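Colleague: There's a structure below that I have some questions on.
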Amino acid sequence: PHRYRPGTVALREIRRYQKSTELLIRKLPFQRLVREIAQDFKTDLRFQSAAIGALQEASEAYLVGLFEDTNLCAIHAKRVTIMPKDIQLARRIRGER
Amino acid sequence: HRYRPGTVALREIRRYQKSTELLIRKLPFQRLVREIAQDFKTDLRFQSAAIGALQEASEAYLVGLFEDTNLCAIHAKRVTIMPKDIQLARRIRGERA
Amino acid sequence: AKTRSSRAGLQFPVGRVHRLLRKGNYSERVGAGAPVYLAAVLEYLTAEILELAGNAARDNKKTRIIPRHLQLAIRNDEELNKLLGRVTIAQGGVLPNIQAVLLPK
Amino acid sequence: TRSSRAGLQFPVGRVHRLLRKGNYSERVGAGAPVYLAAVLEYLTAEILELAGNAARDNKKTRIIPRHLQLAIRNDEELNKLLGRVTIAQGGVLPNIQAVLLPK
Amino acid sequence: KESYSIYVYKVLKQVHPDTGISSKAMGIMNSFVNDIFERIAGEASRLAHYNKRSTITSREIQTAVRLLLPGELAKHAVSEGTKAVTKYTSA
Amino acid sequence: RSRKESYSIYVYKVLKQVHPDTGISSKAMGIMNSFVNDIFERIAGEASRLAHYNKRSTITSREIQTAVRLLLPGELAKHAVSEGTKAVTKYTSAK
Amino acid sequence: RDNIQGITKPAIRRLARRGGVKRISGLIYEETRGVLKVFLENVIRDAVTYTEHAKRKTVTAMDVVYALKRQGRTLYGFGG
Amino acid sequence: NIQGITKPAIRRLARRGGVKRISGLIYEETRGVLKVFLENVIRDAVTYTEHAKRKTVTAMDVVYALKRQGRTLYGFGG
DNA sequence: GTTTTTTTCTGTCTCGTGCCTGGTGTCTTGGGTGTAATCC
DNA sequence: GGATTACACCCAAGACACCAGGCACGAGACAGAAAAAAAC
DNA sequence: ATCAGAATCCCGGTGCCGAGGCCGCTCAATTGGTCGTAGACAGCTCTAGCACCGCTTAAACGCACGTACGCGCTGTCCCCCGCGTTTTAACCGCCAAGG
């Protein structure tokens, strides 16, 4: 059929997700991970939803910035495939060790 | 006779990681700072200790930015620096838009 | 004019700001011209950024400003972007950054 | 002096004065400067203890600031604390990427 | 616990007078305004304690606005502030 | 002659405690004075934010404790909290 | 337990696409999980400490706002 | 002017950074970024001294301007 | 795939009021600068 | 020319007395997201 | 390997200079005494955080499969290292100057 040797799929979904507004990680598993990390320093803590939404917002923004500088590291690497030490170099330069 | 390249540079890296004395000497640095300072309000006097402060902060600043740029180039499967490497590091830190 | 806001011809409450300074543990005493001055600066900043907000919202035939509009208007500015460098907006996202190595040529 | 009455080494009342003139609150409690002074005291104890070890390394008797920068850059939590901190006559880590060492 | 909503409405009608707004847009705006106010005020308090001046007048606010915002914004803001000082001082 | 400040003699004594056989340079003593300044300033700013996010204007030692373990990283912070708490006990147990 | 593994590969994909990343390697996902985890560790530690002094067993949005302002990763939107 | 920065100076900057091998356009790029750095620094420093109503920039104001850019430097009474 | 162009049903927003609380008018007094002179 | 001081002056702090706005709550309307043809 | 020889390390040496002791002041910590409300605390009330489940469905997972950027290799060509040769700011100094 119309199998399409690639190129339009990835960039088209980039166009869609940059036309987009809202989140990408869906709610419940992120919330449960938050509570598992939360169950480590003081037990049995309760939460309002807006805090969790802010956490999700800033989390996705943090990772978006990581991906942007990682992308520019890859472009300077004359590649399009990412690597882990790209992210390690990016966090090395950001001073967030 | 002739020595083989790369060696003397690393030997003086081992030498120049030792004395924390100021690399750029005083008078030309002072003239450059005065010339840039000329174009805000006319002919301001200066404390020499403040000049040493500017000199210290500038040299440490540039050394650290070189370290990140060098690690960028090491990631870039190369040994020699490029100006695009400085652009990449600055683009990660966020000086320029 | 009874109210100092009408005596300034502005839109912000000044005595609000003076009480904020007093209930700030900022200084011990606060003069008369500083709160007016700062409120005027605030009012200019609001009008200035809301200009870019108005044009950025008008870019999409929508009467209402959305957060994406605000982030777009900030990032399309230079002074505001270097202002808001450590700053993130809720429901923001980022700019269209399609690299030239990516389009099918 | 309250410092001796706390059995410590930092002057309480100077800190109590500086808390007042800092516009730090409206009122100032009794023993909060004692707690803060002890915090300062243990911090500088730990820092200069590592600095003393740094002088033990080079076999130097007077502390040079290079010792200070090195002892900052060795320990983990201290270096994460003073990440945005630089010092005149500081220098950096004697550090070589071995991928740039010759073969 | 007051927000700055109708202030925003009046600024908006003074600039783009046919423009609506969402709720959370107003929320981000007031977040913005509070951040800016806090940054300037704390920098002015630094001006006082770095300069041993027991109060703060408008001159401190002018130099602090210089210290925060870059050039064009700074100069236009200084202009607007001095114009407000002028019209309030005249009456 | 205006009287200027230093913290040199205090931390000097502390250095003499922890290392009796050790000298120091003057500039480094100034560096440590600046160090105390910086740490004190960050703590005090966190104390003012403690006040305004608690709508209170009294400062006790509890706020200093929570400020320190907000700013400093964990293990160092808990040791320092221990030192301060034992000092609180030794002082306030007597006059 | 294991909600760290609740992070899905297509979510990482979606984040890469809005992040603008084209090509995805396979050795990325758990590294991503670890970085995200350490991030949220420091965040929620500080937020819970702010709530420790609050003497209320429930953490608010305002708390997380103040804590992330303390990190300098400061986020608007929810007031604070 | 800006050309008072010598080539072996930026080379020594690479050496204390620990950088081995050097390209060409590095030099002028370095002078440019150093210039913009000093521009912002000395601009707000002279802003401090403008508020000081005095004709010499203090070392204190230099230190506080470094704090204002989040570039806190000890050593010289700050 | 993109995007445009109809209803629709529809969520928020602006008008609309009443309650209230901070904002305003002004003296005393005081200290907090204003300014100038004088060191340095 | 900046640091110190000292004499000036002068209006904020408060403290009380008078007050129309400021916001919470509703209503009905009104900009608006999508359903789904429907071209390029 | 392996020797010759640059490059660096490292040991008395002395010198000089500032760190540190030291010492006589005076001004803020102290000591003590007197109002006062901020807050530690008791207690009231209603919201909202939590847990749970049934139903819907769109979203993830596994695999089938080609395939095409990542990469190891190659040749190549060029242009920085470096060592040599002259350069020019820069240090204190001083004898003609006139004058």
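Positions of Cβ are backbone-derived with ideal geometry, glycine not excepted, and every protein chain shown enters the neighbour counts. Readers should treat all values here as calculations from the given coordinates under stated rules, not as data from a laboratory.
Colleague: Amide H neighbours of F:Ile24 under 5 Å, at least 5 residues apart or on other chains, H built in the peptide plane: list them.
Modeller: D:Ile63
Colleague: Further question: In whole angstrom, how far apart do the alpha carbon centroids of the stretch D:7-68 and the stretch E:29-64 sit?
Modeller: Distance between centres, Cα-based: 29 Å.
Colleague: Where a ≥ b ≥ c are the square roots of the eigenvalues of the C-alpha gyration tensor, would you call the protein assembly as shown rounded, which needs a/c under 1.5, or, failing that, prolate if a/b is larger than b/c, or oblate?
Modeller: Rounded is the answer for the protein assembly as shown, as its axis ratio a/c remains below 1.5.
Colleague: Indicate the gyration tensor shape class of the stretch C:3-105 (rounded, prolate or oblate), computed on the Cα atoms with a ≥ b ≥ c the square roots of the eigenvalues: a/c under 1.5 is rounded; otherwise a/b larger than b/c is prolate and the rest oblate.
Modeller: The shape class here is prolate.
Colleague: Still on this structure, please answer the following. Name the residue from B:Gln87, B:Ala73, B:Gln55 whose Cα lies farthest towards the positive end of the charge dipole of chain B, charges +1 on Cβ of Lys and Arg and -1 on Cβ of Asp and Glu.
Modeller: B:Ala73
Colleague: Now for a different question. From the phi of every residue in the stretch E:18-23, what ³J(HN,Hα) in whole Hz does the Karplus formula 6.51 cos²θ - 1.76 cosθ + 1.60 yield, where θ is phi - 60° and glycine or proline is x?
Modeller: Along the stretch E:18-23, the couplings run 10, 9, x, 7, 8, 5 Hz.
Colleague: Here's another thing I want to ask about it. Could you list the chymotrypsin sites (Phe, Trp or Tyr not before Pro) in chain B that lie in coil according to DSSP, counting only those with at most 13 other Cβ atoms within 10 Å of their Cβ?
Modeller: B:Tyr3
Colleague: Return the calculated 222 nm mean residue ellipticity for chain B, to the nearest 500 deg cm²/dmol, obtained by summing -39500 (n - 2.57) across DSSP H runs with n ≥ 4 and dividing by the residue count.
Modeller: -20500 deg cm²/dmol
Colleague: Mean Kyte-Doolittle hydropathy of 0.0 or higher plus an axial Cα length of 24 Å or more: which whole DSSP H helices in chain D meet both?
Modeller: Helices passing the filter in chain D: D:32-58.
Colleague: When the Cα atoms of the stretch A:2-97 are enclosed in a convex hull and the volume is divided per residue, what value in Å³ results?
Modeller: Taking only Cα atoms, the stretch A:2-97 has a hull volume of 157 Å³ per residue.
Colleague: What is the magnitude of the charge dipole of chain C about its Cα centre, with +1 placed on the Cβ of each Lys and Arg, -1 on the Cβ of each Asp and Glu, and no other charges, expressed in debye to the nearest 20?
Modeller: For chain C, the charge dipole is close to 480 debye.
Colleague: Can you list which of the GluC sites (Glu not before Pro) found in chain F are DSSP loop residues with at most 16 other C-beta atoms within 10 Å?
Modeller: Passing both the DSSP loop test and the Cβ count: F:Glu5.
Colleague: Can you list the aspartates and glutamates whose alpha carbon sits under 16 Å from that of G:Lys9, skipping same-chain ones fewer than 8 residues off?
Modeller: Here the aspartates and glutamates satisfying the reach criterion relative to G:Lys9 are A:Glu13, A:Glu60, G:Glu30, G:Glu31.
Colleague: Rounded, prolate or oblate, given the Cα gyration tensor of chain G, with a/c below 1.5 counting as rounded?
Modeller: prolate
Colleague: Restrict the search to the stretch G:1-79; then list the trypsin sites (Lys or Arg not before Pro) that DSSP places in a loop and that have at most 14 other Cβ atoms within 10 Å of their Cβ.
Modeller: Hits after loop and neighbour filter: G:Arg1, G:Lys55, G:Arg56, G:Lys57.
Colleague: Okay, moving on. Which of the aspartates and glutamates could a cross-linker bridge to D:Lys103, judged by Cα under 20 Å and excluding same-chain residues fewer than eight apart?
Modeller: B:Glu12
Colleague: Past 24 Å, Cα to Cα, is the threshold; run G:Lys37/G:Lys69; B:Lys18/B:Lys84; A:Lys27/A:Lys85 against it and keep the listed order. Provide the component values of the computation, followed by the final result.
Modeller: Numbers: G:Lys37/G:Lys69 19 Å; B:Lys18/B:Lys84 30 Å; A:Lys27/A:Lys85 30 Å.
From the list (G:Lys37/G:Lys69; B:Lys18/B:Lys84; A:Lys27/A:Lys85), the Cα-Cα distance tops 24 Å for B:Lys18/B:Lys84; A:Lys27/A:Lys85.
Colleague: If you add up the charges near F:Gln17, with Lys and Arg at +1 and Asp and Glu at -1, over every other residue whose beta carbon is less than 14 angstrom from its beta carbon, what do you get? Please report the intermediate quantities before stating the final value.
Modeller: Numbers: positive: F:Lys13, F:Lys16; negative: D:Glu41, D:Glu46, D:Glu49, F:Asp21, F:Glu83.
Summing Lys and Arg as +1 and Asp and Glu as -1 gives -3.
Colleague: Another question, then. Mind checking which helices in chain B clear 27 Å along their axis (Cα) and have mean Kyte-Doolittle hydropathy of -1.0 or more, DSSP H runs only? Present the calculation step by step, with values, prior to reporting the outcome.
Modeller: Details: long enough: B:48-75 (41 Å, 0.57).
For chain B, where a helix must reach 27 Å along its axis and average at least -1.0, the hits are B:48-75.
Colleague: Are any of the pairs C:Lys2/C:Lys61; D:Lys59/H:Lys67; C:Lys2/C:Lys82; D:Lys80/F:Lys13; D:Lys59/D:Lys80; E:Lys83/H:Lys53 more than 31 Å apart by Cα-Cα distance, and if so, which?
Modeller: C:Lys2/C:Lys61; D:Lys59/H:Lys67; C:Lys2/C:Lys82
Colleague: Let me ask something additional. Cα axis of helix F:26-52 to longest principal axis of chain F: angle in degrees, 0 to 90, nearest 10?
Modeller: 10 degrees
Colleague: Moving on. Two decimals is fine: what is log10 I(q)/I(0) at q = 0.13 Å⁻¹ for chain E, from a Debye sum with one equal scatterer on every Cα and no solvent?
Modeller: -0.61
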